[PDB]
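So the sequences go chain by chain: E, C, A and D.
Under the entry's author numbering, the first sequence has 161 at position 150, and the numbering climbs by one with no breaks.
For reference, each letter of the second sequence is one residue, going 11 to 245, 251 to 454 in the entry's author numbering.
For reference, each letter of the third sequence is one residue, going 10 to 83, 86 to 454 in the entry's author numbering.
For reference, each letter of the fourth sequence is one residue, going 10 to 78, 87 to 112, 114 to 454 in the entry's author numbering.
The beta carbon of each residue, even a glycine, is placed where N, CA and C say it ideally should be.
Some notes on the structure that comes next.
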Amino acid sequence: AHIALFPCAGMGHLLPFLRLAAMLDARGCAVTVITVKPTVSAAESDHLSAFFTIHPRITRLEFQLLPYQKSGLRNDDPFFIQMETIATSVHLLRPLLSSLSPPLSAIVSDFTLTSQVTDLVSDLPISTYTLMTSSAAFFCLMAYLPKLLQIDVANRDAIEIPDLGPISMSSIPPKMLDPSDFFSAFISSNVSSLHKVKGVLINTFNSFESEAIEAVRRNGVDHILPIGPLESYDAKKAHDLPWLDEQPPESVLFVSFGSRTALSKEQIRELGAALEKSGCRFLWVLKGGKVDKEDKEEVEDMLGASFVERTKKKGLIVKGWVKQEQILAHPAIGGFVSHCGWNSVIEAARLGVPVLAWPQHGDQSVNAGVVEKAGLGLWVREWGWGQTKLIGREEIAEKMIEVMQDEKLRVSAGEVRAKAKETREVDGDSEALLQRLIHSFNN
Amino acid sequence: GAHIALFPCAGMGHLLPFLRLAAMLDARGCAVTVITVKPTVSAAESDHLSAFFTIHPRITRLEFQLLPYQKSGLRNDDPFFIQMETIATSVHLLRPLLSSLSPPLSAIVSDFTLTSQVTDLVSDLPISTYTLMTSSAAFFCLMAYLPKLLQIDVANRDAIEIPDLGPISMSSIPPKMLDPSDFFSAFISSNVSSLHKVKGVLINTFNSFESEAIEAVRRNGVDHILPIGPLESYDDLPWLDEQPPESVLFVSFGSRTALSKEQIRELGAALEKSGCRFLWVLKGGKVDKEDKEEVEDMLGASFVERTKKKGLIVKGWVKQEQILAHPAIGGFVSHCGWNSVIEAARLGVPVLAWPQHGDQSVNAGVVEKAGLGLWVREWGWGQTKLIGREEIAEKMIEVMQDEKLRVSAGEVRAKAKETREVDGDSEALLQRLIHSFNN
Amino acid sequence: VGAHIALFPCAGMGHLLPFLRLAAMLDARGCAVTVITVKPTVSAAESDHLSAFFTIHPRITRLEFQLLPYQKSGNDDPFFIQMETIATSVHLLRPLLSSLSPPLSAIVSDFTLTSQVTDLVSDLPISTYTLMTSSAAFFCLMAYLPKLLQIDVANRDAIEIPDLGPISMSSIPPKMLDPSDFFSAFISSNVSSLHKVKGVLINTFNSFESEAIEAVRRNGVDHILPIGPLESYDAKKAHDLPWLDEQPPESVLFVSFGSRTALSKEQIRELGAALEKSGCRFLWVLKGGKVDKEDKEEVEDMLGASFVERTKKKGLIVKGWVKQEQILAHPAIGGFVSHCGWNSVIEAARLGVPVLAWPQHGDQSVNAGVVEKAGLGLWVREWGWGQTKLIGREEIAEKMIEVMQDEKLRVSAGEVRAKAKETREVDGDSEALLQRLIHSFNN
Amino acid sequence: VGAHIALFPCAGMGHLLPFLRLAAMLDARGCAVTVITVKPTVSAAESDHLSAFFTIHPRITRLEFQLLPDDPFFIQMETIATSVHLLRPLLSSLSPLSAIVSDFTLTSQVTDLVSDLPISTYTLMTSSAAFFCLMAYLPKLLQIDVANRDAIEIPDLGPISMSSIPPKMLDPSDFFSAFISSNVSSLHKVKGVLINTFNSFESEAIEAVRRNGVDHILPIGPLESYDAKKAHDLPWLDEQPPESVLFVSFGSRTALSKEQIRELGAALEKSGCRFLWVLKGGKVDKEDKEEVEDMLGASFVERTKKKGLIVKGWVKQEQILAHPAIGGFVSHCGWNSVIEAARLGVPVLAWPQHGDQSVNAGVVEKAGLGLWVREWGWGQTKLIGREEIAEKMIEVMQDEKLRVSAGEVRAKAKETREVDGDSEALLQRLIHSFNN
Ligand SMILES: O=c1ccn([C@@H]2O[C@H](COP(=O)(O)OP(=O)(O)O)[C@@H](O)[C@H]2O)c(=O)[nH]1
Ligand SMILES: O=c1ccn([C@@H]2O[C@H](COP(=O)(O)OP(=O)(O)O)[C@@H](O)[C@H]2O)c(=O)[nH]1
Ligand SMILES: O=c1ccn([C@@H]2O[C@H](COP(=O)(O)OP(=O)(O)O)[C@@H](O)[C@H]2O)c(=O)[nH]1
Ligand SMILES: O=c1ccn([C@@H]2O[C@H](COP(=O)(O)OP(=O)(O)O)[C@@H](O)[C@H]2O)c(=O)[nH]1
């Protein structure tokens, strides 16, 4: 059994695949990870090198992707644009995969690359699997998109997905409904070819999304396999830990908005105003420059010296990559503020951190809903879309205060934390399924 | 400097012609949107749509999601025709989408099959409606008269007179056209009746080619005929570059028609008998490219090996415009579907006409009458009757042989060229049409 | 495999499983098979079954029909509303059938929807056939219901069909004898649409039902073909009989009440008590949910702790689904307790396993009658429609002991198995017809 | 300095030099400027200028598009269009643009681009207000007349003769017409238009564009020099008396034949003007040009070696024109050059070889900036005598009125350059409009 992982662009796409790959390797499959160059963000490149030196037996397959060529799919995002570039070049890898010395039994592809990858292994003896980065609830929305697009003539309230509670129209992203945009075209193109996949891997546990996992199973994606939460490859040298150790437990509030999400210039100053006003201890990851890490070459001239001095007693503001999974594990962090990209969300759940939900773009709003549903965190729907909306200091601060002091949440959040543990256990469903899956791989 | 939207109907024959026009309008400074629908019937349509847009970025594309097929009286057993029924129900979906188009629509060019439903869609909206017709004028004359024809017994009639043109033989009319329930008949009949509500009816033919019919249509209701043929290309060779000029015979039956297994064996045998170097495009999968998974298991292992010196046969989407243009090809064997015929004229390639179904027989006659190609009546309908290798062979040789025929096609080729010219009538008509659109 | 064949099963395991078997049989015999399914499936099991079929038999394509919203009133049955929701979307087979590459030479449609596809077989001239999943004697009663329900509609000791042993009214379901019930309308209307069919296949042979084959032949079904017993499909597993290996041959009683739950909880317990008294070693597959796989969430709350412990070393209980055919085939199994669903009855005869008959509902009672006549099993008539009467453990125990020690039955039962094989063998009568039908089909 | 801006010129120094000045001007006004360039660059000089510009301005970022596979300058302008999508990644990774200012030639391709990555876009024209309208009114004119007449009229603009108009622009078939006509149509998308002009130079011209639907035209002329400092070159410049030197530059490309060029070379010595001559060998390409000063002849060099100096290659024009020594300018009349002359107040003689320039010569005449002879016409068409030239050449040196008229023009240019004046005011305003 030889298994190959093909992640797309983004640390949200990259991190999950590497994490699984390490898990697969630990459980004894021969694992190859497919990377292509160049990569959009510095972290992906730096990470890949670190991952491989830590895991030596995993093979690295590197292919330089063809120069960006396109027609259609209006895209204004660098990570999405790279995904299109990888997808248009996946068909040129057929010659290489055919001749590999230890031939691949199966490929675990990225959702975005599933259509091109499914065509690629058509006449090769390789099972095709897809790993889903996002939540199961978002997958229900993805499955319903053709039905949603066909019967979506009216802009009114929410659409009832068939086996679970109806989602508000505000939660569905406007880009998803426009067929011209890449987000919609890629979502639609991949769901059509999901039927050619042997199994679809998900990063949620049965306890976390019982309705969403069950609804998809009866809605035609009958091969769904929950394997979440994914485990860290625990490879790390740089220590940014020291300030936290000084902090009392649970005092600190962690704010981060993912790998490639940035706030408005008015929002960065209003969020900073709220952090001061709240009086809470905090850790802020500032990603003012934007998605790309390389072009975000600025160095804390977003707030000014005046602000740092006021907050230094209660806060540390870090601009750069931070070891998020480690920070979350720390006794000091009792709160998290998230765009609710799923991988952060899953981590918050595994480590039991209360979450304050703040979607900016795409699936974040629905995932925010899941986060609210499970008690993981508090979500304010009225806030709506970050990047489409601005929230003042008064509003932000009160919520920040409220999350820090909800004991019901802290108690509730822990319960999810326990459930995530059970699933990893040998009895627990998620590990068992993977163990079940792994055997399958041997053919 | 106006917004005009073009809405095609299912199939390549109905899709390629619309795209070529959309590109053509864009060339002349028109803002253009193309209203496509999902999902497609065929891979080619989907593939072509994507390519077109990458090549003509200025052109907008509008995507519609199909409703499910709906029970209606009509009898249909064809995948493409069925899709047409589905697209037709779906037009009403359009209403809210039209009210928000970035630049307000000046007019919408709709398909003949989609004309009845589209005309009602914008009856209230201040939008001029035009329709573009895939088939020939000669067929069109038959279509216009169908509603009258539907009420007359017309049985045991060898031939039926058409009002300002000579009567078509019954032989060249599809039986299903004259049975009211069948979709083919119903869609043609229903749409003609609504034609009055269209400002103009665009036909992919030119005055030199179809002059008698073009007048004939005009004097019987449809005075809004605007021939602007032949539509330009919006925009397998390696074997060909090796070939001698004119030495190659090209066989194709279009994007949505396949030949019976018994018939197919005979055709290959004829090609072997003929000895003409040939490029044969084979569709064994009846109609669908997605479902035509068979890969030359149709001819046999032995067959190709013998024919390798004198032939190349492919199963797959050939580029028809480029193959015809190439110097080598000396004849076309065609179902005589109009778009194919129209490209045949443009490149002055002699055609041996073998209509298979539907409009094709009337079209076939125009091919012969024009002197473009030779058609034998006795062969009648393909997919209804099968003809021998021996008969097929003589005819295949003859088209290659005839030099008068080669000369005749050239006159057809020049006339086609003439219409394109700024002086020429068809190019002039499109421009006149363009002026009219009023923002 | 030149000829192109599609079989369409609408709903229920009993309907679904035989059709898959016919499909497998056709492919083995040189047809190219498409299998049509309608989603969402009523039960998890059909879906479980279908996915495995396609993965196990990969040269057979899967054609799915997505069902439309339904809302009719007059809650009946979940498989009867699904049988009528498949007829509310049976015009969605038009686009699919027109697109199929090698066009259909013949389609085999479940008898529940033969009246709705009539129009579809005229437009696209598909020679259509249908496979009956009931007994040949119960199909006779189904096939004469229209002519019997024209005359005085009432109940007598025995109602008679033309040329076969009169059927008692205690074997006939009461809802079939009232002409204003849903049931009759669907049966009367689909027997009228049997004249448009080119052949009618049934899952039986002529040694098993000699009179029914001729009674059905001399009463309006001259194109009836008995192709029984249907062959078994593959599944790849077996961690269901660790105890079965330890148990001695022919010593184990297999209790199955079919795809769905049968008797009331109170009644079952008496059998459980009954099983204990008998001493029969047993493998029991219990379906808690009387009709839905998805709905059944009960476990050890059906029989009580009291029983499960006492039989701990002598019998095992499996909740949910088991591979019934593989189990019966096992050397260990020596008796069968059945609800006498017809499909189950034909395999018992096919596998030569002795039956104790406990028909619960519907056609099962007539099947019980067939089992008796064949000499396949022991049947008690007075036990009655399920839940009609409560049967004491002592009465149940005696029949069970009688089944274990009844030698003539084994001899007769052994004799039935040889005949079933005889039909399957290439010279065989049932085998001959299936081979013949393919010969007729035209490319 | 909050606002962040990017410039994009495809080809020619006709466009790049102005764009860069636009880039520098924008940086001065508090704008984060990114300059986008196309590679490989057609000319070694074009490449040469860019490296210097970034190096001279550290704080202006450079973003580049590598290019995928008639006139080289026109064809390349065509190539940039092919690869325009390549722009898409670049915009996505930017540290996002408040606006982009793009070349006229490729505006049509970008329209799709602007709409997906929402960026307000502008174009800056390197041609005169009178000529832009001829481009601007061209599309209607071509379809309506389809004929050749001695003079043509742009609605509120005094008709200029066909003789000025370039022949290729006239032909419908020609590639040039498609580019010009198409692009103006695309002109609708832009939230502003900029031309290197001031109202005073062409009140009539600017108005017609305002009248004619180019409502959004903004004239920001003259553009400030983006320059190097300080090189000890032209010791031959400092030496001479004020206004003693005639500087000759026919372009950023060659313009006339060796025999036609020889007549001016012979005319120059008869004229007696001291001169600094910029002589380019390549008709259109600096890399292509590998000829020494043998078109003029050995003899010419020996005779005049004290009198004047000849530079083969490139020189800094603004730097040279600004000098006290320069009192006369001979120009091929490319607008960028013409504008430089007005801002520097140096009398011009107009000898336009090709294209827009003859119309540009007309503007000079209305202005009083320089002396022009219409009859000389399109370059290489006719041979103009050495004797005929000198009389005009001497006249340029010794005309008192011209000096006065020229003096005003420089004065007029400044007033717009200063804070009160409109060209300065609009720049201030546009930047203000720009939204973070
Ligand atoms: O400064 C950062 C930002 C993100 N992450 C990691 O990036 C992962 C993926 O982020 P997510 O998917 O939550 O958001 P996205 O980047 O996809 O929008 C998370 O697990 C974080 O651990 C990190 O380690 N440091
Ligand atoms: O393999 C093919 C088949 C079709 N065509 C083009 O498809 C168009 C449609 O053909 P037509 O409508 O005449 O036949 P139909 O598709 O209607 O049966 C014609 O322009 C052909 O040139 C092609 O280029 N390659
Ligand atoms: O637990 C089970 C129950 C049934 N079956 C099979 O599925 C069919 C269902 O039985 P039947 O239709 O005779 O009874 P019903 O469906 O009416 O309850 C039979 O062929 C059995 O062989 C099985 O494999 N496992
Ligand atoms: O030797 C030379 C020739 C030209 N230019 C510059 O060329 C630019 C643009 O020239 P213009 O567009 O007027 O002429 P063209 O490029 O059309 O020939 C002006 O800014 C001049 O300063 C220069 O600096 N040195």
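Length of the line joining the Cα atoms of residue i and residue j
i	j	result
residue 46(E)	residue 90(E)	15 Å
residue 376(D)	residue 188(D)	15 Å
residue 332(D)	residue 206(D)	37 Å
residue 419(E)	residue 429(E)	15 Å
residue 59(A)	residue 302(C)	29 Å
residue 62(C)	residue 105(C)	25 Å
residue 251(A)	residue 394(A)	31 Å
residue 434(A)	residue 410(A)	31 Å
residue 448(A)	residue 28(A)	16 Å
residue 162(E)	residue 370(E)	26 Å
residue 20(C)	residue 50(C)	8 Å
Neighbourhood of residue i by C-beta distance below 8 Å, restricted to the same chain and skipping five residues each side
i	result
residue 192(D)	186
residue 249(E)	334
residue 133(C)	207
Pick from the options that is closest to residue i, judged by C-alpha positions
i	options	result
residue 300(E)	409(D), 303(D), 51(D), 111(D)	111(D)
residue 258(C)	318(C), 208(C), 343(C)	343(C)
residue 48(C)	96(C), 379(C), 293(C)	96(C)
residue 125(E)	357(E), 268(E), 197(E)	197(E)
7 Å Cβ shell around residue i - same chain, five flanking residues per side excluded
i	result
residue 405(A)	none
residue 227(D)	147, 150, 151, 154, 235
residue 336(C)	243, 358
Contact set for residue i: own chain, Cβ-Cβ below 6 Å, skip 5 residues either direction
i	result
residue 373(E)	184
The region 16-40 of chain C: positions lying closer than 7 Å to chain D by Cβ: 39
Name the residues in the region 199-213 of chain D whose C-beta lies less than 7 Å from a C-beta of chain C; which are they? 203
Proximal residues, the region 93-107 of chain A versus chain E, C-beta separation under 7 Å: none
Using a Cβ-Cβ cut-off of less than 7 Å, list which residues of the region 112-126 of chain A approach chain C; keep chain order. 112, 114
Pull out every residue of the region 44-56 of chain A whose Cβ sits closer than 9 Å to any Cβ of chain E, in chain order. 48, 49, 50, 53, 56
If the cut-off is 8 Å on Cβ atoms, which residues from the region 75-88 of chain C count as contacting chain E, listed in chain order? 75, 76, 77
Going along the chain, which residues of the region 127-148 of chain A sit with their C-beta nearer than 7 Å to a C-beta in chain C? 134, 135
Just by C-beta distance, which residues in the region 437-452 of chain D are closer than 7 Å to chain E? none
May I ask you to list, following chain order, the residues of the region 283-310 of chain E that have a beta carbon less than 8 Å from some beta carbon of chain D? 300, 301, 302, 303, 305, 306, 307, 308, 309
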